[PDB]
Amino acid sequence: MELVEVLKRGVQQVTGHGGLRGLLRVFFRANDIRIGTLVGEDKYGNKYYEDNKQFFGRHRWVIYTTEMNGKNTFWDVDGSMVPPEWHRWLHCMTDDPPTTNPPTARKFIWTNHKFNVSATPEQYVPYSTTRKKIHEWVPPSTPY
Amino acid sequence: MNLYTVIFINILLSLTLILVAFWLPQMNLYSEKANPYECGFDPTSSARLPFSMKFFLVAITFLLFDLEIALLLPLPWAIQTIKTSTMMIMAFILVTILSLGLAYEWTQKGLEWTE
Amino acid sequence: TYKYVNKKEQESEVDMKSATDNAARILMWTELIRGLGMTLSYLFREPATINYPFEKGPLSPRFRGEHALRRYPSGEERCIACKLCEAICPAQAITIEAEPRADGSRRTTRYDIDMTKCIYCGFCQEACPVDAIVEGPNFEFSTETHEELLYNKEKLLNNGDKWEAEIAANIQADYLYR
Amino acid sequence: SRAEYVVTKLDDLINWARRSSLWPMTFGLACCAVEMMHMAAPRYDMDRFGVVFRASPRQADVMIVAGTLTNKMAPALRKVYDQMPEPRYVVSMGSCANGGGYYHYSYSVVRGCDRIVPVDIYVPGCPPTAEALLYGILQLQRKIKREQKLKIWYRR
Amino acid sequence: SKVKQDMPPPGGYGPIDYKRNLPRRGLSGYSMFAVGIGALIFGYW
Amino acid sequence: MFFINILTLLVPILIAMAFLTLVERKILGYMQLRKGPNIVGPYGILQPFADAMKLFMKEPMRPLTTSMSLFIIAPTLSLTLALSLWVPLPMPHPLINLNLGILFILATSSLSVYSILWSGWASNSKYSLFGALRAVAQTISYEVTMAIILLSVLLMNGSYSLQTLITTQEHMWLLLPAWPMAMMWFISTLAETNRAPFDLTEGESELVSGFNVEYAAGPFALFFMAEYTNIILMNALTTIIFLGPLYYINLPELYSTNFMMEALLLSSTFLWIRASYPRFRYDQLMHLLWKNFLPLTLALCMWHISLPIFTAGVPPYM
Amino acid sequence: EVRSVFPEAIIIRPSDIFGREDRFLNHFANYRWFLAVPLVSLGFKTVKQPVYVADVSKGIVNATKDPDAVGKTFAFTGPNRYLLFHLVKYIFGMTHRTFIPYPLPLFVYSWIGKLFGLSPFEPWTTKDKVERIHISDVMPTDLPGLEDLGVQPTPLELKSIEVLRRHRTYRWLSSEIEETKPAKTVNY
Ligand SMILES: CCCCCCCCCCCCCCCCCC(=O)OC[C@H](COP(=O)(O)OCCN)OC(=O)CCCCCCCCCCCCCCCCC
Ligand code: SF4
Ligand code: SF4
Ligand code: SF4
């Protein structure tokens, strides 16, 4: 019957992430087991799996890293860590990943992405980009 | 004493729990958090004022029906008597009388609320 | 044309069968078992939810989010301080203060955006004649400080140098419509 | 082992509790509340994270200012924030509440809920995608995760 | 090249249903009352 | 060893409450096309503990307009009664064998009302008092029918003892003799416990959390778990009375297991009913439960008085 | 030592300050959980000249702007030298509870302060708090004060209700300042 086949599919889900270590590393960390096809690995650790038999919010997904820029994201994960080459494919602006239709190379584009910095150091602080407009008079350093 | 013990155990659970709830956390008291809610704005009067109840007749007849329950409730013992006809007639009469009273109240619009 | 929603055509046809059916609707809650069955059907469907950080909502190239100041492929700064992105900004979010650059070029000494006044309308990027300021895809730039959401030229250029690989593609996809 | 380590792990536990169960308030003023509803809706379900609404501010751990704050509605906001029992957090949601927004320069608008309630986290947008509000809520979770209260108490 | 504007296809779209469809179902009511009273009498016996 | 028995009766009931909260949220989720909690534990099996811990770390509210004595004492009473109601429950062998168990239950619940009704008064505010008066109306509605239903049902059992229903149901259920009384009992258990559609005391859209608007912390938590304990109690009562499981003197754990199954079914039915229907009005509840349920209840009481006699089915006194 | 290492400093010397979340008026008012208030010598032979917070703050905020006040001390005392028994009586009249005072020697009240100071949290009473409560305020007649810095001292009878209404019960919460028979004063 079909109950046995779904049990087989669940067995494959349980047994397609390495072992118990690799299974718990995904289950305690993403609360899902669904196996898909590895589209490509990023230059930080992200994995970017795919399974088009699901519906149009789950046909694509990510499994993040455990260290991006010395931050230990094994538990503290955030969506700011998807770089722009994969942001476009993950939010479904394309059917064309960067492993096949990559982007243009430019000298000024950042090589290493940066996640959101809001409370850390190396965050952003605003300031006047302009200069002194009304200059003062510096008096002389002699009397009379 | 078993039952007394079970109830004391539940009592002490509740009281220990409230003690924890009060003396474990932190407190920052001030008059603007300890005053009644009334949805962001302040109350226009006190809550210890008359709240007109519009089902008072229903309350009183609930009291009388509670007494009717108290009279009907001996039936499981009344059935092991030898007669089994006097109790039948008398229970019939009691229930029918209660139904008649309910019908009079219903028709006279006592179960309706005082608009 | 019109039509009635709760107007009976005509009444006064009843027999013991219809009475039985109505009295069985009553006393069995038959029109409530249908609601129970509906909610039961919904228990056995695939839920519409998604594991957000790992799998996300579908967006389009037209999506307008965090801002950025772009550059040419030569790395030249693309804005020229024509000062109409702030003319049209219906929130008065943008400021510009411009000067010659010592190269002899119309460029900015200031490009601020109070992103607490921006309404994310797109008027600035559809007004810029050079495709300099855009409204990109990043919607995940929440902060713990008001002062962080007040941007300047350097932050916008950081955004551009960050998101060019996405913005170039979005523009390539959406032009021929704009 | 050490009292300081035990204190650190205890604080990790209490933060886990307050983080895995933060009960917002049914307090939405304007359009941004519609995206809050959409976050409550199936796709971006909040109860998945332990984030369910409660109508009374005393059964609530956080308030989300999802809309425009006017001069007529600011006393009510502050009464509500006050009535919330500490520990309590605030999320300013939308340009109209982060700053004054599209109604910054008007006569009946306060130019940010910063002036009335202390905000922990700012979510930008007009409206902010419920995706984005959800990101901000998880960022507030991360903020609670690093509170280090009992640590500093031990170090007093 | 020629134009391209996301027009509908050649042959329109299929017929979209819009009218209400709540299917009349269920037993007769005579049957339900018979089942109830039969269960009741069997239980009493 | 009686204290160990108290443990084995009390702590699992509290875990059952805690995970009923989870089950409620997840069932309502999946009916609502979403997944409930699946984050904090593997499938969200730690959210109840998180909620409890977080509630007991929040600062309690002692308002100024309040009457602190009744204020603190009402949740105490609420949980104490919710937890003493589980005492005579035969599952199959009870902890406390009383001869008038159903009267103990009735009185305990009629006293459980006073938690709501004094917390609402003590919490000096408007919506609080609204919730209190709505509780008064609710009890006025349901108590009469509960008692006369239960009388008519035990009028073929022969006693108020809960343990005798097991032998009354050795070869059958009391649902086929009395399915109408069972219907009305179910909906009166639904009016009792303040559970939707008969919620009408924390009716968040009519009142802003009545009788709890001024309660924040562990007190509110006590009210919460009292409600979610009375739910399981009433399902246990329905399945001991009508859905009588199999005793089998050699296999009593079989009785316990079938009791578990039926109680879970009926509790999930409560959650289902919360998800499906809208709320009644607390005057429409009166009209329903006086003008439809009480006539038929009295008529069927007459029937169940006649029935032992004209069938020669008078039960035994022990 | 601050004057030694950093001359051209400013040293402000306030008396017992009172405000919404003070540890002075709320401290006296929180002696109701215990069924009576102890006072060394029944509170007499002790004088208190308490100042409001906002006056201290305005004085500091002007001291950081005044060309004078560069090397000078200050006595931020407030007016209306009160006597401690009558001060606590005014507190317990504004807070409408009761007043059951009684005497207590300093050594046993100090021992009480010690055992209450055995507290890992923020304690309630302490030996030094007791001492500081039971030593009179100095007459400020040889130091400038607030009026020499731009602040009119707000009297305690004008601000006490703001901080002490938190402690009033229902039946006395909605009660005005003019129902408290204000405190007797002294000059000494
Ligand atoms: C041998 C001869 C003698 C035999 C004698 C026996 C004769 C047959 C007796 C059949 C009587 C069955 C009991 C019926 C009681 C209900 C009476 C009724 O009319 O319905 C009440 C109420 C009214 O609905 P309404 O459309 O407004 O009609 C009233 C107009 N005056 O409608 C309602 O109550 C609905 C509001 C409540 C909704 C609550 C949600 C219910 C969900 C259904 C769950 C069902 C599960 C039950 C399982 C029980 C297990 C213990
Ligand atoms: S419209 Fe474009 S080019 Fe002109 S000032 Fe604005 S960003 Fe610069
Ligand atoms: S998107 Fe609209 S509101 Fe925002 S900066 Fe551009 S023009 Fe101004
Ligand atoms: S920021 Fe935009 S969406 Fe949010 S309340 Fe203001 S106008 Fe509405």
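- In terms of determination method and resolution, the entry is listed under cryo-EM at 3.00 Å.

Remarks on the overall build of chain A
Then step 1. Helix and strand counts for chain A come out as three helices and three strands.
Then step 2. Along chain A, helices and strands appear, N-terminal first, in the series α-α-β-β-β-α.
Then step 3. The C-alpha radius of gyration of chain A comes to 25 Å, more than 25% above the 15 Å expected for a compact globule of 144 residues.
Then step 4. When the backbone C-alpha atoms are referred to their principal axes, chain A occupies close to 110 × 30 × 25 Å.
Then step 5. Buried residues in chain A amount to 40% of all 144 residues.
Then step 6. Long-range contacts, defined as pairs at least 24 residues apart, comprise 43% of the intrachain contacts of chain A with a sequence gap of at least 6.
Then step 7. Of the roughly 9500 Å² of accessible surface on chain A, a fraction of 56% belongs to carbon and sulfur atoms.
Then step 8. Distance between charge centres in chain A, computed from 19 positive and 15 negative side chains, equals 5 Å.

A closer look at the packing of aromatic side chains
Then step 1. Enumeration over the complete set of coordinates arrives at 41 aromatic pairs over all chains.
Then step 2. With 6.2 Å between their ring centres and 25° between their planes, A:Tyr49 and A:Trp61 make a pair best called stacked. In this pair, A:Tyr49 is assigned in strand β2 (residues 49-50) and A:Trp61 in strand β3 (residues 60-61), connecting sequence segments twelve residues apart.
Then step 3. On the basis of relative accessible area, A:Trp61 is assigned to the buried category, the value being 5%.
Then step 4. Considering the side-chain rings of B:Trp77 and F:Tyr160, the 5.1 Å spacing of their centres and the 85° angle between planes classify their relative orientation as edge-to-face. Taken together, the residues span two chains, with B:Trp77 in helix α3 (residues 75-78) and F:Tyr160 in the loop between α5 (126-154) and α6 (164-168).
Then step 5. Given a relative accessible area of 3%, F:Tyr160 falls into the buried group.
Then step 6. Through successive ring pairs, a cluster of aromatic residues spans D:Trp23, F:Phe220, F:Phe224 and F:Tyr228.
Then step 7. Over the ring of D:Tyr135 we find D:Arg142, and its NZ or CZ is 6.0 Å from the ring centre.
Then step 8. Against the face of D:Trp23 rests F:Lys54, its NZ or CZ located 4.0 Å from the ring centre.

Concerning the interface of chain B and chain F
Many descriptions give the size of an interface as the accessible area lost when the pieces come together.
Then step 1. Opposite the 62 residues of chain B that make contact, chain F presents 71 residues.
Then step 2. Summed over both sides, the interface between chain B and chain F buries roughly 6300 Å², with carbon and sulfur atoms accounting for 78% of that surface.
Then step 3. On the chain B side of the interface with chain F, the three residues burying the most area are B:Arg48, B:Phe51 and B:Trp113, jointly 10% of the side's total.
Then step 4. For the side of chain B that touches chain F, the elements supplying multiple residues, two or more each, are α1 (2-23), α2 (56-72), α3 and α4 (86-107) of chain B.
Then step 5. Taken together, the residues that form the side of chain B that touches chain F break down as 45 nonpolar, 14 polar and three charged.

Quick look at the arrangement of the chains
Then step 1. Here 13 pairs of chains make contact, and the pair sharing the most contacts is chains B and F.
Then step 2. At the level of C-alpha atoms, the two units chain E and chain G stay apart, their nearest approach being 59 Å.

A closer look at the sheet that holds strand β1 (residues 37-38) of chain A
The strands making up a sheet associate through hydrogen bonds between their backbones, and the pairing can be parallel or antiparallel.
Residue and element names in this part refer to chain A.
Then step 1. Across the sheet, which stays open at both edges, the three strands sit in the order β1-β2-β3 with antiparallel pairing between neighbours. Taken across any chain shown, the strands that pair with only one partner, and hence form the sheet edges, are β1 and β3.
Then step 2. Note: β2 against β3, two bridges, orientation antiparallel. Paired with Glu50 across the bridge in β3 is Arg60.

Some remarks on the nonpolar core
Then step 1. In terms of nonpolar packing, the biggest core is built from 115 residues, with F:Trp86 and F:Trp290 touching the most fellow members.
Then step 2. By residue number, the principal contributor to this core is α5(F), which donates 15 residues.
Then step 3. Beyond its immediate chain neighbours, meaning those up to four positions away, F:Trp86 contacts F:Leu9, F:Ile13, F:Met91, F:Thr229, F:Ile232, F:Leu233, F:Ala236 and F:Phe259.
Then step 4. Counting residues in each nonpolar core, the second largest holds 44 residues, with C:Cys85, C:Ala93, D:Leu77 and D:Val110 among its members.

Structural notes on the environment of G:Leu146
Residues and elements named next belong to chain G.
Then step 1. Following the sequence through the fold, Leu146 ends up in the loop between α6 (127-133) and α7 (156-164).
Then step 2. Classification of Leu146 by relative accessible area gives buried; the value is 2%.
Then step 3. Taking the C-alpha atoms as reference points, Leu146 and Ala75, separated by 71 residues in sequence, lie 7.5 Å from one another.
Then step 4. In contact with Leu146, other than residues within four places in its own chain, are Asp55, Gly59, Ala75, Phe76, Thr77, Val151 and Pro153.

Quick word on the sheet that holds strand β5 (residues 150-151) of chain C
All names here are of chain C.
Then step 1. The three strands are arranged β2-β3-β5 in an open sheet whose pairing can be described as antiparallel. Of all strands in the sheet, those with a lone pairing partner are β2 (94-100) and β5, marking the two edges.
Then step 2. Across the sheet, helix α5 (residues 153-174) touches β3 (106-114) and β5, and the angle it forms with β3 is around 90°.

What about the side chain of F:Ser159?
Residue and element names in this part refer to chain F.
Then step 1. Here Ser159 shows up in the loop between α5 and α6.
Then step 2. For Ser159, a relative accessible area of 17% puts it in the buried group.
Then step 3. The contact partners of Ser159, leaving out residues within four places of it in the chain, are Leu154 and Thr164.

Here we look at the site of ligand 2
Then step 1. Around ligand 2 sit C:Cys79, C:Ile80, C:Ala81, C:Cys82, C:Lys83, C:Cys85, C:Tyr111, C:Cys128, C:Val130 and C:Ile133, and that is every residue in its neighbourhood.
Then step 2. Residue composition of the shell around ligand 2, grouped by class: nine nonpolar, no polar and one charged.

A closer look at the site of ligand 1
Then step 1. In the vicinity of ligand 1 lie 15 residues, with C:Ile26, C:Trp29, E:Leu40, F:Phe280 and F:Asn292 positioned nearest.
Then step 2. The local environment of ligand 1 is shared, drawing residues from chains C, E and F.
Then step 3. Between ligand 1 and the protein, one listed contact pairs an oxygen atom with a side-chain N or O atom of C:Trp29 at 3.4 Å.
Then step 4. With respect to ligand 1, the side chain of F:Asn292 contributes an N or O atom lying 3.4 Å from a nitrogen atom.
Then step 5. For ligand 1, whose accessible area on its own is 1300 Å², the fraction buried by protein is 73%.
Then step 6. Broken down by secondary-structure element, the contributors of at least two residues to the shell around ligand 1 are α7 (180-191) and α11 (293-310) of chain F.

Regarding a nonpolar patch on the surface
Then step 1. Together, B:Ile11, B:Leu12, B:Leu15, B:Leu19, B:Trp23, G:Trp33, G:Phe34 and G:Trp124 make up a nonpolar patch on the protein surface, roughly 910 Å² of accessible area in all.
Then step 2. Checked against the element boundaries, B:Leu19 lands in helix α1.

Parameters and conventions
Within each chain the numbering goes from 1 in written sequence order, not necessarily matching the entry, and residues lacking coordinates are not shown. As they are written, the chains are lettered A onward and the ligands numbered 1 onward, keeping that order. Reported values pertain to the displayed chains only, which are themselves part of a larger assembly. The basis for every side-chain value is the complete set of heavy atoms in the structure, and neither hydrogens nor water enter the calculation. The helix count covers DSSP runs of H or I at least four residues long, the strand count covers runs of E at least two residues long, and both are numbered beginning at the N terminus. Computation of the radius of gyration draws on C-alpha atoms, with the globule rule given as 2.2 Å multiplied by the number of residues to the power 0.38. With a 1.4 Å probe rolled over the protein chains alone, any residue whose accessible area is under 20% of its type maximum counts as buried; one over 50% counts as exposed, and the rest are partly exposed. The contact rule is simple, with two residues in contact once any of their heavy atoms fall within 4.5 Å. Each accessible area is a Shrake-Rupley estimate made with a 1.4 Å probe; only the visible protein chains count as cover when residues are assessed. This count recognises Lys and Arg as positive and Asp and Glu as negative, with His and chain-terminal groups excluded. Think of each charge as sitting on NZ of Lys, CZ of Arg, CG of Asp or CD of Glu. Aromatic pairing here means that ring centres of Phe, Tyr or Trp (its six-membered ring) are within 6.5 Å. Orientation follows from the plane angle: under 30 degrees is stacked, over 60 is edge-to-face, and everything else is tilted. Two thresholds decide whether a charge sits over a ring: the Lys NZ or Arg CZ must be within 6 Å of the ring centre and within 35 degrees of the ring normal. The term buried area denotes the loss of accessible surface (1.4 Å probe radius) that occurs when two parts are joined, taken as the sum for both partners. Each residue gets one of three labels, nonpolar for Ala, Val, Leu, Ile, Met, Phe, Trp, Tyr, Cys and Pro, charged for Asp, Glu, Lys and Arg, and polar for the others, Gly among them. Two strands qualify as a pair provided DSSP detects at least 2 bridges between them. Put simply, buried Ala, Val, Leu, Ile, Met, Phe, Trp, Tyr and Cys residues joined by side-chain atoms within 4.5 Å make one nonpolar core. Axis geometry follows a simple rule: fit a line to the C-alpha atoms, using only the stretch in contact for helices, then measure angles between N-to-C directions, giving values from 0 to 180 degrees. We call a residue near a molecule or strand whenever a single non-hydrogen atom of that residue lies within 4 Å of it. By the criterion applied in these results, polar contacts are pairs of N or O atoms within 3.5 Å in which, for protein atoms, one can donate a hydrogen and the other can accept it, and in which residues neighboring in sequence qualify only through two side-chain atoms. A patch consists of residues whose relative accessible area exceeds 30% and which take part in no salt bridge; residues with like charges are grouped when within 9 Å of each other, and nonpolar side chains (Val, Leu, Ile, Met, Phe, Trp, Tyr) when within 5 Å. By definition here, a salt bridge exists when the distance from a side-chain nitrogen of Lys or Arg to a carboxyl oxygen of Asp or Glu is within 4 Å.

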